Amino acid sequence: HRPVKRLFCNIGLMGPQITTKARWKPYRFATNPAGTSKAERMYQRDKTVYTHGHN
Amino acid sequence: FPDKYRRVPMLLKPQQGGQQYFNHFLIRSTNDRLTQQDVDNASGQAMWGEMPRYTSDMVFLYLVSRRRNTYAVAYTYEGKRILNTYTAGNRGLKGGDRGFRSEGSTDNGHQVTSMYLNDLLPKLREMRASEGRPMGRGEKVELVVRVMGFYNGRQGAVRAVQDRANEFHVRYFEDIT
Amino acid sequence: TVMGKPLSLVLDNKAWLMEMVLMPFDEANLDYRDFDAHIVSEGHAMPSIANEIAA
Amino acid sequence: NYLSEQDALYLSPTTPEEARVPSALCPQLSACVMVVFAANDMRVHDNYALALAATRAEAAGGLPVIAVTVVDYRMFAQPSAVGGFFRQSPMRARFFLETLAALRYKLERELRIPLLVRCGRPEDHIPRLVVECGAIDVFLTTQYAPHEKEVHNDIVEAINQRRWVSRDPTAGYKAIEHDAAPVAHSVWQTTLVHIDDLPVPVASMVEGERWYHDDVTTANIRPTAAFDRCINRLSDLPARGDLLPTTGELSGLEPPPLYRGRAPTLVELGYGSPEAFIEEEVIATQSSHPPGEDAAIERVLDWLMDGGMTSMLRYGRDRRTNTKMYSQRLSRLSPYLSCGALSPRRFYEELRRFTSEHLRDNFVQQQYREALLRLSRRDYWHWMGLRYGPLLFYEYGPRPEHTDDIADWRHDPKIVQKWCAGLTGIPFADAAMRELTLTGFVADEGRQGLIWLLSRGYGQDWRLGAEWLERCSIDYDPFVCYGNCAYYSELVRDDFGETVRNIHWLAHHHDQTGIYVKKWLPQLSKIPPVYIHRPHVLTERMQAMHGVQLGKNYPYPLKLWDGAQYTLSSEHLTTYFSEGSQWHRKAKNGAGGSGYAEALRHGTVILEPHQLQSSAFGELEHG
Amino acid sequence: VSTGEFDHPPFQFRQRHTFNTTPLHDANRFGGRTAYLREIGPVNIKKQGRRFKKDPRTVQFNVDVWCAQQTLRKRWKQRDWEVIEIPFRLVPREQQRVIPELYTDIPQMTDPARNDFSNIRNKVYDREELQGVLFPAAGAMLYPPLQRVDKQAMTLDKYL
Amino acid sequence: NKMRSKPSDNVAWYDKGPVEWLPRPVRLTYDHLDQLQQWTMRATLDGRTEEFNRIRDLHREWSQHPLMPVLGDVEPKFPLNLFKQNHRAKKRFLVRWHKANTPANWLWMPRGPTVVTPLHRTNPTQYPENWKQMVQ
Amino acid sequence: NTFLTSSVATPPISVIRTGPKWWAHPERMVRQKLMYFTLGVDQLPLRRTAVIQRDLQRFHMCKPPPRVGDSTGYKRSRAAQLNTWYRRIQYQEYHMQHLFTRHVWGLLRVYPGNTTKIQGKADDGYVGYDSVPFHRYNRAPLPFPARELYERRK
Amino acid sequence: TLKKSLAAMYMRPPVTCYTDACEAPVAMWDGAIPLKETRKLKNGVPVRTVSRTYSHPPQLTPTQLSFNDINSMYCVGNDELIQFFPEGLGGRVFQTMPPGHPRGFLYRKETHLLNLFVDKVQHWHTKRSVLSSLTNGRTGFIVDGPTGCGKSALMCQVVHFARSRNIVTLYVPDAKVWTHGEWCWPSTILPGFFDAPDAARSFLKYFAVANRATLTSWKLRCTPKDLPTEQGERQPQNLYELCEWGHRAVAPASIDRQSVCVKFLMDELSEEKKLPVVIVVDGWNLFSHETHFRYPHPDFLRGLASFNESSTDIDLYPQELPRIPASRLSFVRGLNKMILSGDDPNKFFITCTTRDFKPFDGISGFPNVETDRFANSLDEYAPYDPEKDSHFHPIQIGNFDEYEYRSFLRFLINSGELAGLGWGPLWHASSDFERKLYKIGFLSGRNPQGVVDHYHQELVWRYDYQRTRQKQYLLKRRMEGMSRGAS
RNA sequence: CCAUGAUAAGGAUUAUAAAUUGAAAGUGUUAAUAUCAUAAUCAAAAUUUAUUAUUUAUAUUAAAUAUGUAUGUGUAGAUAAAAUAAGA
Ligand SMILES: Cc1cc2c(cc1C)N(C[C@H](O)[C@H](O)[C@H](O)COP(=O)(O)OP(=O)(O)OC[C@H]1O[C@@H](n3cnc4c(N)ncnc43)[C@H](O)[C@@H]1O)c1[nH]c(=O)[nH]c(=O)c1N2
Ligand SMILES: Nc1ncnc2c1ncn2[C@@H]1O[C@H](COP(=O)(O)OP(=O)(O)OP(=O)(O)O)[C@@H](O)[C@H]1O
Ligand SMILES: [Mg+2]
């Protein structure tokens with residue numbers, strides 16, 4: 114999400130709309146893997162790994 | 021306990037608005053009174183005795199209120215029991231959820247009497263039809279109410295018997311001590 | 334004008350706040366558009382004084 | 175279709191590798207001792223079968239312990255015999271599945287015992303798994319109810335004869351192919391007082407609740423520590439870790455291994471159009487039933503601690519009085535006792551310990567005796583159901599000799615619909631029905647009122663009410679439910695027992711103030727307690743003052759008073775199941791909501807349709 | 024004046040999302056910058072929880088710096104000009120004077136004797152007249168002369 | 035502390051009225067107002083008045099003057115108990131009563147084809163979009 | 010809209026009892042009037058509750074008249090009748106506001122908060138990106154691309 | 005009893021148009037709009053009939069408008085509005101005309117002047133000298149004023165005047181959709197130029213359907229005959245056919261067709277010397293300066309293998325590139341070409357300037373999303389001088405004066421009450437018109453946008469005691485009258 | 001090891017009408033506790049040790065070492081608080 118937003122800001126073809134009109138997924142929802150299709154994915158990640166929500 | 025708006029002035033509790041309209045209203049009132057005077061001036065210019187006598191068709195209803203109970207029973211002129219006694223304990227109101235104090239109350243007596251009368255009416259019709267005496271399309275059965283007990287349930291019982299006056303007609307209301 | 338800005342801008346064009354300022358010119362049975370009025374703030378300066386107490 | 179695919183996956187002649195229990199590594203662990211769980215017992219604290227299996231494994235050596243639970247797919251989605259009601263409504267099914275999951279967690283995480291859950295026919299799944307696992311002893315409890323006693327007998331017969339099952343046709347096979379002479383041990387653990395300990399034989403038992411209470415006064419109750427010791431020592435037995443779930447499976451990232459089993463869902467079982475089964479009413483009660491065994495124990499302890507013993511008998515009374523159905527101090531332990539999560543012996547031990555601890559009070563013994571009396575009443579209903587056998591479920595009850603005054607059971611689908619939806623005129627019956635339909639549980643007085651009103655009050659068949667209470671109540675015990683329905687429908691008329699009381703009597707007795715009715719139907723809150731339980735008596739002025747317009751909300755009673763055909767019309771008597779009713783506008787296609795022939799209207803998997811069911815569906819379509 | 028908010032709402036019991044009430048660190052507040060301070064989910068204070076996200080001073084300073092950044096960007100968007108150093112000989116008479124530094128004198132005025140009283144530090148000069156000084160060597164025709172409408176001309180607006 | 039799976043009173047009813055009873059809070063902004071103005075402009079330029087007719091029908095149905103309550107008709111109140119402050123009991127009673135008092139069961143509001151509403155046009159034909167149909 | 014988190018529900022009596030703070034806030038009432046006007050429908054219930062709130066707030070400072078002089082038999086019943094009638098009018102206005110907000114959301118392709126019902130296109134309460142994986146009150150599991158209620162274009 | 009008789013005996017007048025049709029039932033505006041009995045000689049006998057004291061303003065066509073209609077209200081029919089404004093109206097013009105409410109406009113001095121100007125433009129070859137005198141040699145006029153004036157409404161009126169005289173007219177009702185559009189895309193055939201596909205496609209479609217009568221008669225002079233066309237689709241021989249070709253296409257092919265259609269349409273208009281063309285852009289100040297789009301980072305134009313060692317910061321730090329000037333847009337380039345280039349005496353730019361920027365008065369916190377009237381306002385904060393930033397003759401428009409404000413407010417209140425969008429049965433809850441006119445004038449300062457806002461905000465007025473005092477006075481009067489009758 | 005002081009809890013009632021913008025918060029005792037004036041053998045650096053009013057879903061660790069565990073339809077019993085620039 115962070116580099117995607119930064120690329121959208123750098124390209125400028127969208128303009129200042131990224132933070133004023135564009136809407137983005139929350140943190141732990143947009144940190145999911147490529148194909149999930151289920152909202153119950155952030156709770157299925159590994160818990161023995163201490164990584165502050167980074168899988 | 022204290023005043024909530026004690027710190028607000030009386031002239032601000034509440035503030036009277038529209039002060040400028042009072043003079044206009046007074047002038048308009050003066051003009052209206054003047055024209056009313058004008059039109060008024062224009063118009064001016066221009181076993182025996184008191185003992186009841188029963189009938190064989192009348193049913194004797196007994197309502198006995200107690201300190202913590204009430205009973206409603208009925209009998210025909212011959213002396214047969216139309217229906218068994220309905221009591222507060224029989225109905226279940228004496229069981230609880232209201233306390234012993236509520237036993238034999240006005241509402242309790244009212245509902246007991248209402249249930250007894252509602253169950254009595256078909257039983258009375260069956261009893262009448264047993265001896266080939268139809269009641270008819272219009273049910274107006276004459277009953278003599280006899281009340282005993284001097285308690286709170288007595289008022290409820292008499293209210294209940296007064297209710298459904300279309301079907302039941304009270305002929306004599308007597309009290310027994 | 335309030336603090337060098339129009340009353341409508343100071344109160345954010347709120348009728349229920351500007352009517353309080355208008356009221357004296359009605360109770361006195363006068364005309365609002367006959368007097369120039371300026372308001373100077375001497376209490377706690379705030380970015381927005383659009384409220385019932387300030388009115 | 176789900177049942178067919180489950181059969182084609184598991185009950186297949188080849189039994190493909192995916193649906194095959196992995197073999198053990200050590201040669202000793204090749205054999206094991208298996209236990210069968212069922213709806214009658216989902217506990218690990220006082221399970222006689224579990225204790226006996228642990229002892230057998232300990233005697234044999236390091237024999238592992240395996241647990242199997244096969245759900246009866248028929249009981250969840252097949253229609254009722256009369257009226258086409260659902261069996262194991264989704265409210266009950268969710269609770270059952272949650273209890274099964276709790277039992278599986280208890281066995282696999284605390285006791286490290288792998289539990290294998292299967293879907294389909296128990297009598298087909300169990301023997302085949304016995305053959306495949308090579309179990310020497312299969313320990314199970316004794317079911318003695320129809321559709322459970324017969325399946326238990328078939329299971330034990332097939333275990334004794336070593337029979338494989340393939341389900342393309344109904345075909346059985348010998349144990350020569352399995353692509378040791380096992381023995382099945384059936385143990386009795388349902389009743390509080392174990393059989394063979396009764397002071398009088400069941401066959402020569404006099405039919406009487408008070409007689410059985412006097413018998414249980416002398417009879418003893420088995421302790422639970424003896425079985426708890428075996429359960430504790432079970433942990434020292436070696437276990438097959440390959441059958442245990444993994445961290446990913448526990449987290450739910452991947453489905454369970456195909457040989458283990460997948461817990462079914464509502465759609466998989468056959469419940470269709472869930473939107474029609476959502477009851478949008480006010481749930482007045484403030485207590486829930488957390489499914490499980492630890493939750494049941496915690497509930498027992500909390501009920502004992504918070505002064506819930508007064509729900510049995512009020513302090514210093516020595517005589518039973520009207521109950522408080524609106525209270526939260528009642529012990530809502532009937533679901534946990536009927537589903538086997540809470541054992542009657544454990545509950546009795548808890549009651550005994552609490553009474554002994556608080557024996558300094560001069561009344562705790564009476565409350566303990568009342569609780570023991572209620573448990574013995576449950577056991578008595580079990581014994582009477584066993585005595586009646588199949589006759590308990592027939593028309594006019596088991597005993598036709600007591601049914602001289604009973605009518606010919608006039609049956610009306612619309613009347614049954616209104617009764618099961620709570621659209622009657624009695625506030626007490628309506629509130630009890632609402633509580634049962636929403637929470638899945640209602641008090642004994644509410645059940646009595648509902649069953650009496652449907653059977654004797656309206657003249658409808660008692661089996662319809664019995665099956666509706668089966669569908670709704672999460673604590674559905676067949677014997678207790680049907681026996682109480684027969685007793686309070688004036689079918690079983692045993693003397694020296696509780697009198698059958700009118701619904702009006704129950705309303706006046708247990709809800710004289712009307713707190714319960716005004717709480718479960720808060721639109722009637724303004725009616726005075728004199729006029730509650732009979733709001734139809736109110737005039738137009740009184741009903742406008744009290745904010746209850748009959749016909750608009752809270753319609754007229756099903757049983758109109760004398761006359762009421764000349765002073766009322768269709769404007770006042772508002773219908774609730776016509777073509778332009780809200781009931782039709784449901785299911786997202788339009789069939790109806792919850793009620794008569796609901797399994798036929800909504801269920802996806804229907805087996806062996808009946809002529810009466812088809813005729814009822816046709817009449818519903820026409821009307 | 025301003026209408027938006029500048030101070031972080033105070034710490035109280037948990038604010039539930041309802042009418043006239045918003046969670047303290049909802050994504051709406053401060054545009055989206057409550058994300059930095061948001062501690063997602065129910066938190067057990069015994070072990071879980073960062074101190075600075077609850078300290079009322081640090082969050083207040085964060086709100087203040089965010090508002091300062093917003094003010095700076097909104098102020099810089101007003102800039103339609105740049106500052107160019109002139110050798111003091113080619114500026115007009117209104118600039119050939121001792122201009123005091125910022126915040127070192129009263130706000131000065133450009134030639135008050137010419138009926139002009141505007142602030143001298145906010146005067147902006149267009150390039151249409153300054154091209155001669157800015158680009159002497161370039162010459163040619165850069166930034167062609169700015170056409171100025173004739174006020175004393177009978178056009179449509181003069182009700183001709 | 036204790037974990038309960040009890041359905042709280044905050045359960046919404048998605049089958050009683052167009053808006054779920056005890057509705058969730060809604061925040062209507064000027065951005066929404068501007069978008070609505072743009073949408074209405076485009077719709078009226080295109081000439082599709084069906085949505086406007088549906089809105090008018092909804093307003094006619096649900097925007098009628100309530101009736102005068104007879105004396106004695108008042109919302110139930112919570113009794114003043116001596117057991118301290120039964121705040122939770124009061125809140126539960128109020129929520130239960132208001133959940134029961136669904137808008138469909140609002141007797142004071144005259145709703146339905148039977149009532150006469152002498153303030154609004156009955157059918158879309160009366161509206162000015164059909165000005166050609168009422169001439170001469 | 011911009012608010013998409015979980016929300017609790019409150020009885021209408023509470024919002025009505027809330028006076029000129031949320032329910033009778035002039036800016037919010039003007040927004041509701043604009044919503045009605047842009048849809049071209051009369052604002053009769055809104056104006057009724059507006060005049061009721063104005064009259065209540067004007068005299069909220071004044072002390073109530075002596076209740077001893079007032080007849081408990083008739084005056085108290087009349088006051089209760091008037092209070093209930095005003096409360097019912099405000100209930101109608103509250104219901105109308107919620108209904109029209111849902112309708113405008115549906116027309117403008119505005120995704121509501123979680124467990125919020127928009128008649129015509131949700132009918133069961135739209136939920137998306139919630140703290141709980143399952144849909145509340147329905148127990149329906151939720152996908153990660155929560156729900157496309159409307160068509161893609163524009 | 006007299007009022008009840010008047011309400012019962014009132015008969016609605018015959019409907020003549022949309023304006024006469026929009027009228028609420030009698031019980032709605034019974035009190036807000038009173039009724040009086042007038043004697044009408046229907047058959048030579050003055051039969052007494054109930055009639056309204058107020059009626060909607062007359063629906064007058066632009067030709068019917070004259071000098072005597074200045075500072076007066078007129079109405080436009082719904083069908084005429086649809087035919088003449090397919091693009092829409094100004095940004096805030098349509099707020100005052102919901103479907104029930106009549107569409108009404110105020111005829112001002114500038115409106116009359118531009119109506120005469122359009123009448124002269126209709127035959128521009130004969131009136132060329134006077135038109136040049138009126139514009140002082142400029143190619144049209146530009147309307148400038150503070151926020152809230154009748155700038156956008158005036159442009160809508162001018163478009164109505166041009167369309168009612170069958171003149172080819174380009175209309176950009178909102179110039180924000182071009183500069184501050186949803187997204188930007190480089191031009192396919194014009195190197196170094198950009199365009200907004202969304203606004204351009206909408207402009208092509210609406211211009212086609214507006215001037216379909218004239219564009220079909222228009223012939224292609226500078227347009228290739230080998231335009232890419234799908235199977236079964238006819239080649240465009242008319243300008244309307246060209247516009248239909250450009251806009252009616254499946255995505256994403258419509259993007260490239262639109263970028264080509266705009267270029268060719270500009271060429272076709274530029275190569276016209278005998279037909280008068282009127283170009284109306286509401287908010288020309290956005291076209292004058294740069295758009296909110298910024299040039300792409302050059303690292304997006306060369307391709308990378310990995311972000312580790314590539315000498316790039318596109319994924320690490322957002323940075324602001326110089327903003328793309330509006331003069332590089334394809335639509336703006338064609339307009340600027342027609343303006344700056346001479347020998348164009350038939351094209352007239354009647355443009356306007358928008359001042360709908362977000363407020364900023366020294367400090368700017370975070371606006372409350374719950375309550376913010378400037379959610380869609382532009383983030384410009386930029387001064388604009390039309391004299392120095394436009395080649396057109398500037399016309400300054402101020403706020404309403406007393407006469408225009410009174411007419412505007414009278415129309416709003418009374419037409420709203422008649423259309424069922426006012427107090428109606430609660431008419432007595434608000435003061436009379438004189439108090440409303442006085443109070444709203446103070447609140448708004450006679451700014452037309454402020455007048456509309458405070459007209460809506462009148463619902464929450466708290467300190468208006470006129471009606472309360474009158475109610476007490478009339479109650480006192482009737483109490484005395486009853487006492488006099490009893491005595 | 002000094003037993004003696006404070007504190008906690010905590011209440012009282014006259015202001016008619018006109019004018020004025022005015023003319024308007026007060027504590028015993030019972031309690032617990034404690035570092036002070038009063039009776040010698042031992043707490044303040046090596047801290048686990050459980051001590052009421054906390055951030056809940058568009059963007060989340062840069063300057064003194066500054067918190068990885070409780071999502072579960074916000075669902076009990078008890079307890080505390082106020083008529084104070086707010087709007088019973
Ligand atoms: C029509 C009808 C239908 C049913 C039943 C009664 C009637 C009239 N019952 C029995 C009774 O309704 C039920 O046992 C209790 O009401 C459950 O409430 P509590 O758990 O609060 O009882 P309580 O708090 O007294 O719990 C003590 C335990 O004793 C037992 N018990 C108590 N009363 C009993 C009774 N009257 N008969 C038998 N056992 C009793 C139950 O095991 C109960 O959990 C029943 N019960 C049941 O377990 N499953 C069922 O399906 C039905 N169905
Ligand atoms: N002549 C007019 N006739 C009718 N309404 C008018 C007239 N002039 C202005 N208005 C009204 O004024 C309001 C806004 O005016 P307009 O759109 O012209 O503003 P503006 O000056 O262009 O504003 P901005 O700076 O935001 O672009 C609308 O409600 C519109 O109806
Ligand atoms: Mg404009």
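Chains as they are written, first to last, in PDB author numbering: chain DX, 114 to 168; chain CK, 21 to 66, 181 to 311; chain CI, 334 to 388; chain Ff, 175 to 353, 378 to 821; chain DV, 24 to 183; chain DW, 35 to 170; chain DY, 10 to 163; chain Cg, 5 to 491.
Even for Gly, the Cβ is constructed at its ideal location relative to N, Cα and C.
Judged by DSSP in its simplified three-state form, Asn115 of chain DW adopts coil rather than helix or strand. Residue environment for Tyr586 of chain Ff: buried (at least 16 other C-beta atoms within 10 angstroms of its C-beta).
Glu351 of chain Ff counts as exposed, since fewer than 16 other C-beta atoms from the protein chains shown sit within 10 angstroms of its C-beta. Neighbourhood of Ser25 of chain DV in chain CI, by CB distance below 7 angstroms: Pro380, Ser381, in chain order. A direct Cα-Cα distance of roughly 16 angstroms separates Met270 of chain Cg from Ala330 of chain Cg. With a 10 Å radius around the Cβ and a threshold of 16 neighbouring Cβ atoms, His127 of chain Cg comes out exposed. In chain order, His296, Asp383 make up the part of chain Cg whose C-beta sits under 8 angstroms from the C-beta of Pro129 of chain DX.
Rounded to whole angstroms, the Cβ separation of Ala629 of chain Ff and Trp718 of chain Ff is 4 angstroms, and the two are in contact under 8 angstroms. When Cβ-Cβ separations below 8 angstroms define contact, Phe68 of chain DY makes contact with chain CK.
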